[PDB]
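Peer 1: I'm passing along target14.txt; it holds compact mmCIF, C-alpha atoms and all ligand atoms.
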# COMPACT_ATOMS: atom_id res chain seq x y z
CA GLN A 1 189.68 219.76 95.80
CA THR A 2 188.94 220.27 92.16
CA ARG A 3 185.88 218.16 93.09
CA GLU A 4 184.68 220.90 95.49
CA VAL A 5 184.54 223.23 92.46
CA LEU A 6 183.25 220.68 89.98
CA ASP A 7 180.68 218.69 91.98
CA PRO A 8 178.25 221.51 92.95
CA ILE A 9 178.26 222.89 89.37
CA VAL A 10 177.46 219.50 87.84
CA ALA A 11 174.85 218.70 90.51
CA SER A 12 173.10 221.99 89.79
CA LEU A 13 173.39 221.43 86.02
CA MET A 14 171.98 217.91 86.21
CA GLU A 15 169.07 219.06 88.40
CA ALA A 16 168.28 222.17 86.24
CA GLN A 17 168.42 220.18 82.98
CA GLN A 18 167.14 216.81 84.28
CA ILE A 19 170.17 214.92 82.99
CA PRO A 20 170.16 211.29 84.09
CA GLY A 21 173.92 210.82 84.05
CA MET A 22 177.22 212.44 83.19
CA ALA A 23 180.85 211.60 82.75
CA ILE A 24 183.35 214.45 83.09
CA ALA A 25 187.08 214.56 82.49
CA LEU A 26 189.26 217.42 83.66
CA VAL A 27 192.70 217.44 82.05
CA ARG A 28 195.51 219.54 83.60
CA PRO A 29 199.27 219.44 83.95
CA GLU A 30 199.78 217.23 87.01
CA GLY A 31 196.99 214.98 85.76
CA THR A 32 193.56 213.95 84.59
CA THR A 33 190.55 213.61 86.88
CA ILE A 34 187.54 211.52 85.83
CA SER A 35 184.16 211.97 87.55
CA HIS A 36 180.90 210.05 87.07
CA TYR A 37 177.42 211.23 88.12
CA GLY A 38 173.97 209.66 88.21
CA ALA A 39 172.53 206.96 86.00
CA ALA A 40 173.58 205.56 82.63
CA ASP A 41 169.95 204.60 82.06
CA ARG A 42 167.19 206.41 83.90
CA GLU A 43 164.80 203.42 83.70
CA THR A 44 167.18 200.88 85.34
CA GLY A 45 169.27 203.26 87.48
CA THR A 46 172.49 201.47 86.44
CA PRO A 47 175.10 204.03 87.58
CA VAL A 48 177.48 205.83 85.26
CA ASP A 49 180.98 204.41 85.88
CA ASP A 50 184.40 203.99 84.14
CA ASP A 51 182.93 201.62 81.55
CA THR A 52 179.88 203.74 80.54
CA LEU A 53 179.67 204.52 76.83
CA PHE A 54 178.05 207.77 75.67
CA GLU A 55 177.09 208.79 72.13
CA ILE A 56 179.13 211.87 71.32
CA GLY A 57 177.51 212.81 67.99
CA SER A 58 179.37 215.57 66.22
CA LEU A 59 182.30 215.36 68.59
CA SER A 60 183.06 212.37 66.32
CA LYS A 61 184.08 214.95 63.70
CA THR A 62 187.18 215.81 65.71
CA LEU A 63 188.47 212.25 65.14
CA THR A 64 187.62 212.44 61.42
CA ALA A 65 189.60 215.68 61.28
CA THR A 66 192.53 214.15 63.17
CA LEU A 67 192.77 211.18 60.76
CA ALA A 68 192.57 213.53 57.80
CA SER A 69 195.39 215.62 59.29
CA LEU A 70 197.55 212.49 59.80
CA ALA A 71 197.07 211.42 56.18
CA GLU A 72 198.23 214.95 55.31
CA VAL A 73 201.26 214.70 57.61
CA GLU A 74 202.15 211.33 56.04
CA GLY A 75 202.09 213.02 52.62
CA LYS A 76 199.22 210.81 51.43
CA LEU A 77 196.60 213.59 51.37
CA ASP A 78 197.06 217.12 49.98
CA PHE A 79 194.50 219.28 51.88
CA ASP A 80 194.29 221.93 49.16
CA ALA A 81 193.98 219.42 46.26
CA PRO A 82 190.56 218.80 44.68
CA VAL A 83 188.72 216.00 46.46
CA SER A 84 188.20 214.33 43.03
CA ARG A 85 191.95 213.68 42.94
CA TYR A 86 191.42 211.04 45.70
CA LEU A 87 187.85 210.07 44.71
CA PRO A 88 188.06 209.89 40.86
CA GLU A 89 184.37 208.83 40.75
CA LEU A 90 183.69 212.54 41.43
CA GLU A 91 185.84 213.80 38.51
CA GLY A 92 183.91 216.40 36.52
CA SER A 93 181.75 217.46 39.48
CA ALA A 94 181.94 220.38 41.92
CA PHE A 95 184.56 218.35 43.80
CA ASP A 96 187.07 219.31 41.11
CA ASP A 97 186.85 222.75 42.78
CA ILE A 98 186.42 221.78 46.45
CA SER A 99 189.29 220.70 48.68
CA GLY A 100 189.68 218.52 51.77
CA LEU A 101 190.46 221.68 53.70
CA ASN A 102 187.13 223.16 52.58
CA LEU A 103 185.41 220.04 53.86
CA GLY A 104 187.21 220.18 57.22
CA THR A 105 186.21 223.83 57.68
CA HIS A 106 182.65 223.63 56.33
CA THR A 107 183.57 225.97 53.45
CA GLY A 108 182.65 223.51 50.66
CA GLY A 109 180.40 225.74 48.59
CA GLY A 110 177.33 225.43 50.83
CA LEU A 111 177.28 221.63 51.00
CA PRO A 112 174.16 221.00 53.07
CA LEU A 113 173.77 219.94 56.71
CA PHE A 114 171.99 216.59 56.38
CA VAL A 115 172.32 213.55 54.15
CA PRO A 116 169.23 213.69 51.89
CA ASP A 117 166.48 211.05 52.12
CA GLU A 118 167.11 209.75 48.64
CA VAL A 119 170.71 208.88 49.66
CA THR A 120 170.61 205.44 51.26
CA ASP A 121 174.06 203.99 50.52
CA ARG A 122 177.53 204.70 49.12
CA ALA A 123 176.49 204.49 45.46
CA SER A 124 173.51 206.83 45.72
CA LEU A 125 175.65 209.14 47.94
CA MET A 126 178.37 209.39 45.27
CA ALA A 127 175.70 209.91 42.59
CA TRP A 128 174.25 212.70 44.74
CA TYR A 129 177.70 214.35 45.15
CA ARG A 130 178.30 214.20 41.37
CA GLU A 131 175.02 215.99 40.61
CA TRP A 132 175.08 218.59 43.44
CA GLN A 133 175.45 222.31 42.55
CA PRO A 134 177.28 224.62 44.99
CA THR A 135 175.05 227.32 46.43
CA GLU A 136 177.79 229.47 48.08
CA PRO A 137 181.20 230.72 47.00
CA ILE A 138 183.72 227.98 47.79
CA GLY A 139 186.14 228.99 50.57
CA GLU A 140 184.21 232.20 51.36
CA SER A 141 181.18 230.83 53.21
CA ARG A 142 180.64 228.42 56.12
CA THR A 143 177.71 226.00 56.35
CA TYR A 144 178.00 223.36 59.05
CA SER A 145 177.80 220.06 57.16
CA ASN A 146 177.61 216.34 57.82
CA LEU A 147 177.87 215.77 54.06
CA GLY A 148 181.16 217.70 54.05
CA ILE A 149 182.94 216.11 56.99
CA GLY A 150 181.55 212.80 55.79
CA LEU A 151 183.22 213.30 52.41
CA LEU A 152 186.49 214.29 54.12
CA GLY A 153 186.23 210.88 55.76
CA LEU A 154 185.70 209.13 52.44
CA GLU A 155 188.54 211.16 50.91
CA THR A 156 190.85 210.31 53.81
CA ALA A 157 190.07 206.58 53.67
CA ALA A 158 190.77 206.51 49.94
CA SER A 159 194.05 208.44 50.43
CA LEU A 160 195.15 205.90 53.07
CA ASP A 161 194.00 202.88 51.00
CA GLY A 162 191.94 201.58 53.91
CA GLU A 163 188.42 201.35 55.30
CA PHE A 164 187.53 204.28 57.53
CA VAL A 165 186.86 202.55 60.87
CA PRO A 166 189.75 200.05 60.99
CA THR A 167 192.08 202.80 59.69
CA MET A 168 190.83 205.23 62.35
CA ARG A 169 191.43 202.55 64.98
CA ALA A 170 194.95 201.63 63.85
CA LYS A 171 196.28 205.13 63.16
CA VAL A 172 194.50 207.31 65.76
CA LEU A 173 192.50 205.49 68.48
CA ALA A 174 195.03 202.76 69.27
CA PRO A 175 198.11 205.09 69.47
CA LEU A 176 196.08 207.41 71.70
CA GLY A 177 195.12 204.45 73.96
CA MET A 178 191.43 205.00 73.16
CA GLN A 179 190.41 201.36 73.63
CA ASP A 180 186.89 202.11 74.86
CA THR A 181 185.97 204.08 71.71
CA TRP A 182 183.49 202.34 69.35
CA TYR A 183 181.72 203.01 66.08
CA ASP A 184 179.60 199.94 66.70
CA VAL A 185 179.15 198.84 70.30
CA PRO A 186 179.75 195.11 70.58
CA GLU A 187 177.14 192.89 72.17
CA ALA A 188 179.52 192.20 75.06
CA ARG A 189 179.44 195.90 75.99
CA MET A 190 175.73 196.69 75.50
CA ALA A 191 175.16 196.63 79.27
CA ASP A 192 177.61 199.60 79.44
CA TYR A 193 175.95 201.56 76.64
CA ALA A 194 174.12 204.47 78.27
CA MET A 195 170.53 205.07 77.22
CA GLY A 196 169.84 208.53 75.86
CA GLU A 197 167.00 210.75 77.03
CA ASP A 198 165.47 213.13 74.49
CA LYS A 199 163.96 216.57 75.09
CA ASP A 200 160.58 214.97 75.95
CA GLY A 201 162.11 212.68 78.63
CA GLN A 202 161.89 209.58 76.39
CA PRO A 203 164.48 206.81 75.97
CA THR A 204 166.39 207.01 72.71
CA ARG A 205 169.48 205.62 71.00
CA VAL A 206 171.15 206.74 67.74
CA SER A 207 170.20 204.80 64.58
CA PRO A 208 172.65 203.82 61.81
CA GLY A 209 172.73 206.06 58.69
CA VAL A 210 174.87 207.07 55.74
CA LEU A 211 178.11 208.71 56.78
CA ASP A 212 177.35 207.91 60.43
CA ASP A 213 180.93 206.82 61.30
CA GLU A 214 182.47 209.86 59.64
CA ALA A 215 180.04 212.48 60.98
CA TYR A 216 178.45 211.38 64.28
CA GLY A 217 178.77 207.72 65.13
CA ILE A 218 181.23 207.38 68.03
CA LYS A 219 180.33 205.89 71.40
CA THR A 220 183.04 206.37 74.02
CA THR A 221 183.96 207.27 77.56
CA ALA A 222 185.00 210.61 79.02
CA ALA A 223 188.40 209.09 79.82
CA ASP A 224 189.03 208.10 76.18
CA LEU A 225 188.14 211.58 74.94
CA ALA A 226 190.42 212.99 77.61
CA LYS A 227 193.32 211.16 75.87
CA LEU A 228 192.60 213.09 72.68
CA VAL A 229 192.44 216.31 74.66
CA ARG A 230 195.66 215.46 76.51
CA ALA A 231 197.38 215.02 73.16
CA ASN A 232 196.00 218.37 71.92
CA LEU A 233 197.43 219.95 75.09
CA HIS A 234 200.91 218.36 74.67
CA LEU A 235 200.43 216.25 77.79
CA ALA A 236 200.54 212.77 76.11
CA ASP A 237 203.27 210.44 74.78
CA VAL A 238 202.51 210.12 71.09
CA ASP A 239 204.83 209.75 68.09
CA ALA A 240 205.98 212.89 66.28
CA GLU A 241 203.71 212.48 63.25
CA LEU A 242 200.49 211.93 65.23
CA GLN A 243 201.33 214.88 67.50
CA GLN A 244 201.98 216.96 64.40
CA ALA A 245 198.67 215.80 62.91
CA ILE A 246 196.79 216.66 66.11
CA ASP A 247 198.44 220.09 66.41
CA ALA A 248 197.54 220.84 62.79
CA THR A 249 193.81 220.28 63.60
CA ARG A 250 194.06 223.44 65.74
CA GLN A 251 195.45 225.62 62.88
CA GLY A 252 193.11 228.53 62.27
CA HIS A 253 191.87 228.43 58.66
CA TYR A 254 188.92 230.87 58.51
CA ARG A 255 187.67 233.88 60.40
CA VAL A 256 183.91 233.60 60.79
CA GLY A 257 182.85 236.70 62.68
CA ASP A 258 184.24 236.28 66.22
CA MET A 259 184.89 232.57 65.67
CA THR A 260 187.97 231.01 64.12
CA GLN A 261 187.30 227.78 62.23
CA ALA A 262 190.17 225.32 62.58
CA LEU A 263 189.97 221.70 61.34
CA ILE A 264 186.52 220.99 62.85
CA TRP A 265 187.68 222.58 66.12
CA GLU A 266 186.21 226.04 66.64
CA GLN A 267 188.04 228.68 68.66
CA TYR A 268 187.92 232.15 70.14
CA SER A 269 190.62 234.50 71.35
CA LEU A 270 190.80 235.16 75.10
CA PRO A 271 189.27 236.81 76.99
CA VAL A 272 186.00 235.47 75.53
CA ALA A 273 182.59 236.42 76.80
CA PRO A 274 180.15 233.54 77.28
CA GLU A 275 177.66 235.36 74.95
CA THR A 276 180.17 235.03 72.11
CA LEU A 277 180.42 231.32 72.89
CA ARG A 278 176.60 231.05 72.96
CA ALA A 279 176.30 232.77 69.58
CA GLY A 280 178.68 230.11 68.18
CA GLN A 281 176.28 227.32 69.20
CA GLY A 282 172.98 228.75 67.96
CA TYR A 283 170.78 229.06 64.90
CA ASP A 284 172.69 231.95 63.30
CA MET A 285 176.00 230.05 63.25
CA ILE A 286 174.84 226.43 62.91
CA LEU A 287 171.82 226.77 60.55
CA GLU A 288 172.70 229.68 58.25
CA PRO A 289 175.61 230.27 55.92
CA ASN A 290 178.16 232.63 57.50
CA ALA A 291 180.82 234.68 55.64
CA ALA A 292 184.24 233.11 56.10
CA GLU A 293 187.59 234.76 55.37
CA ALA A 294 190.53 232.50 54.65
CA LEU A 295 193.52 232.94 56.89
CA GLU A 296 196.35 232.30 54.37
CA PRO A 297 198.76 233.63 56.63
CA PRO A 298 197.87 230.04 57.79
CA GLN A 299 197.35 230.46 61.50
CA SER A 300 199.73 228.54 63.79
CA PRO A 301 197.98 226.74 66.68
CA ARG A 302 197.44 229.44 69.31
CA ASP A 303 198.10 229.46 73.05
CA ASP A 304 195.68 232.28 74.00
CA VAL A 305 192.38 230.79 72.90
CA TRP A 306 189.26 228.89 73.93
CA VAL A 307 188.97 225.88 71.65
CA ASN A 308 185.72 223.92 71.63
CA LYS A 309 183.34 221.53 69.95
CA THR A 310 179.77 220.49 70.80
CA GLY A 311 178.31 217.12 69.94
CA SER A 312 174.75 215.87 70.19
CA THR A 313 172.41 213.09 69.20
CA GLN A 314 168.70 212.96 70.00
CA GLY A 315 169.46 211.57 73.50
CA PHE A 316 173.02 212.77 74.24
CA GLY A 317 174.85 216.05 74.72
CA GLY A 318 178.64 216.47 74.76
CA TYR A 319 181.05 219.37 74.92
CA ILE A 320 184.85 219.66 74.82
CA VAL A 321 186.74 222.82 75.80
CA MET A 322 190.50 223.29 75.58
CA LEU A 323 192.64 226.10 76.89
CA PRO A 324 196.07 225.36 75.36
CA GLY A 325 197.66 228.33 77.19
CA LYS A 326 196.68 226.80 80.54
CA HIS A 327 197.29 223.20 79.36
CA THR A 328 193.78 222.40 80.59
CA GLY A 329 190.80 220.74 78.99
CA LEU A 330 187.29 219.69 79.85
CA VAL A 331 185.19 216.88 78.50
CA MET A 332 181.50 216.79 79.54
CA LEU A 333 179.31 213.93 78.37
CA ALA A 334 175.62 213.56 79.18
CA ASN A 335 172.87 211.13 78.25
CA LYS A 336 170.52 214.02 77.61
CA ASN A 337 170.54 216.47 74.71
CA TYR A 338 170.40 219.58 76.89
CA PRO A 339 170.83 223.15 75.60
CA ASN A 340 174.20 224.31 74.20
CA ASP A 341 173.80 227.53 76.24
CA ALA A 342 173.86 225.41 79.42
CA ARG A 343 176.89 223.46 78.22
CA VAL A 344 178.74 226.74 77.70
CA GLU A 345 177.68 228.14 81.07
CA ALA A 346 178.65 225.01 83.00
CA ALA A 347 182.02 224.77 81.20
CA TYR A 348 182.73 228.43 81.84
CA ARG A 349 181.80 228.28 85.53
CA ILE A 350 183.94 225.14 85.99
CA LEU A 351 187.01 226.54 84.25
CA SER A 352 186.58 229.91 85.97
CA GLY A 353 186.13 228.23 89.38
CA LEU A 354 189.37 226.32 88.75
CA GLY A 355 191.17 229.60 87.94
CA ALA A 356 191.85 228.66 84.30
CA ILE A 357 189.99 231.74 83.05
CA CA B 1 198.95 221.49 48.17
CA CA B 2 178.76 197.78 83.57
CA CA B 3 178.75 203.31 58.45
CA CA B 4 172.77 231.31 84.24
CL CL B 5 172.92 213.46 58.28
CS CS B 6 187.70 199.18 70.92
For this file, write the structure as structure tokens.
Peer 2:
Amino acid sequence: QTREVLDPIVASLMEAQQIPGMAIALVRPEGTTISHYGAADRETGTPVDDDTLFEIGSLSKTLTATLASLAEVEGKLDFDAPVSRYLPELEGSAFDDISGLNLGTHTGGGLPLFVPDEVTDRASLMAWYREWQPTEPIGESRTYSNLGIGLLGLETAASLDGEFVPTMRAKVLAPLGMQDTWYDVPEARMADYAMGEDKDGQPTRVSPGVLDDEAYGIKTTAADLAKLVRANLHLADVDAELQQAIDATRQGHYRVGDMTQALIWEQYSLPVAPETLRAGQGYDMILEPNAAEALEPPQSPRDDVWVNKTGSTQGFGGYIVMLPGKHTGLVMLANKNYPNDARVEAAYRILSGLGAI
């Protein structure tokens, strides 16, 4: 079926990249297909199955964006307001001039990629934010940032008068039916927690860290992520406000060369060449500041685009692609951090082989 297209491509991918195990979800009108391949843990050979939890790394940022968007829909968060309006401990800092929208689009004045070493907790984090000097013009330059999306998370939590994780669960994960999605894997599920494999073939698992929940900390199944994708594709039963919040995460906010930056989601007009997709996932886009032009004709979610997001940890590699015009989506989770180029190629070949591009 679909499996005759999908299975050979994932077998070849897993052999070429030496991926121990994968979980794949294909979302289409007429339904969602879940497929599991290989081993959750190379050392034990425990197979990947419906219960296997994968670290999704930066794919976690899509949930942070979705909660932020819901707070906005509920009228509790103004996306263009200074972040210091919701975190008054940052009054008088650069965050008087930086907005939640900036943070969701990585246009927060060059806010850096990583949490610095000297930041070890919430207090030292907030002290660091207060002292930090922008290095790029706010709203005119994109630097991919864990500090930024992390702060959007803090801002959102404050705007909703709740703690980030329980609030995320109550307002987003639960209404989406994402009951196998964890920030902290309980002891009772550790036997289902896949073991990562790093680039040297060594076992590895993500460590806790500041802003982990907000920026990279989710462990989940392909099926749970498929619920989020289904909602993005208008294929789920979700209340009006959450649907509105989800749709708003796909609004185009900045043109960044060939890429359009939405709320964490990144997209490209169709037809898109794989090279363009590759250039979105490399050094030039991820590790350098890129000029960003605000779309203030604020772009309505489009139906003629390739929408995507990568996510990695040291031992895991994930990729989501959505084609709203075809009402189809793809979630690929692996317990190996394998090259973004190969994620793009596999996704493209799958979607092309299914006739969706
Ligand atoms: Ca406003
Ligand atoms: Ca099990
Ligand atoms: Ca945490
Ligand atoms: Ca090739
Ligand atoms: Cl970090
Ligand atoms: Cs849960």
Peer 1: Have a look at A:292, A:11, A:210, A:23 and name the one nearest to residue 53 (chain A); count all atoms listed in the file.
Peer 2: A:23
Peer 1: Report the distance between CA of residue 62 (chain A) and CA of residue 131 (chain A) in Å, rounded to one decimal place.
Peer 2: 27.9 Å
Peer 1: Which is closer to ligand CL 5 (chain B) than all the others in A:348, A:128, A:114, A:306, using all atoms listed in the file?
Peer 2: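 So, comparing all the options, the nearest one is A:114.
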Peer 1: Counting all atoms listed in the file, name the residues that have an atom within 8 Å of an atom of ligand CL 5 (chain B); the answer should be given as a PDB file with C-alpha atoms, keeping the file's coordinate frame.
Peer 2:
ATOM      1  CA  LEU A 113     173.770 219.940  56.710  1.00  0.00           C
ATOM      2  CA  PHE A 114     171.990 216.590  56.380  1.00  0.00           C
ATOM      3  CA  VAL A 115     172.320 213.550  54.150  1.00  0.00           C
ATOM      4  CA  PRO A 116     169.230 213.690  51.890  1.00  0.00           C
ATOM      5  CA  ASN A 146     177.610 216.340  57.820  1.00  0.00           C
ATOM      6  CA  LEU A 147     177.870 215.770  54.060  1.00  0.00           C
ATOM      7  CA  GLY A 209     172.730 206.060  58.690  1.00  0.00           C
ATOM      8  CA  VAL A 210     174.870 207.070  55.740  1.00  0.00           C
ATOM      9  CA  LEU A 211     178.110 208.710  56.780  1.00  0.00           C
ATOM     10  CA  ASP A 212     177.350 207.910  60.430  1.00  0.00           C
ATOM     11  CA  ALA A 215     180.040 212.480  60.980  1.00  0.00           C
TER      12      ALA A 215
END
Peer 1: Pick from A:10, A:333, A:174, A:218: nearest to ligand CA 3 (chain B), with all atoms listed in the file counted?
Peer 2: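 Answer, going by the shortest atom-to-atom distance: A:218.
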Peer 1: Hey, which bits of chain A sit within 8 Å of ligand CS 6 (chain B), and for each residue what's the closest pair of atoms and how far apart in Å (one decimal), counting all atoms listed in the file, rows by chain and increasing number, as CSV?
Peer 2:
residue,atom,partner,partner_atom,distance
A:169,CA,B:CS6,CS,7.8
A:178,CA,B:CS6,CS,7.3
A:179,CA,B:CS6,CS,4.4
A:180,CA,B:CS6,CS,5.0
A:181,CA,B:CS6,CS,5.3
A:182,CA,B:CS6,CS,5.5
Peer 1: Grab me every residue within 9 Å of ligand CA 4 (chain B), counting all atoms listed in the file, and send it over as a ChimeraX atom specification.
Peer 2: /A:341-342,345-346
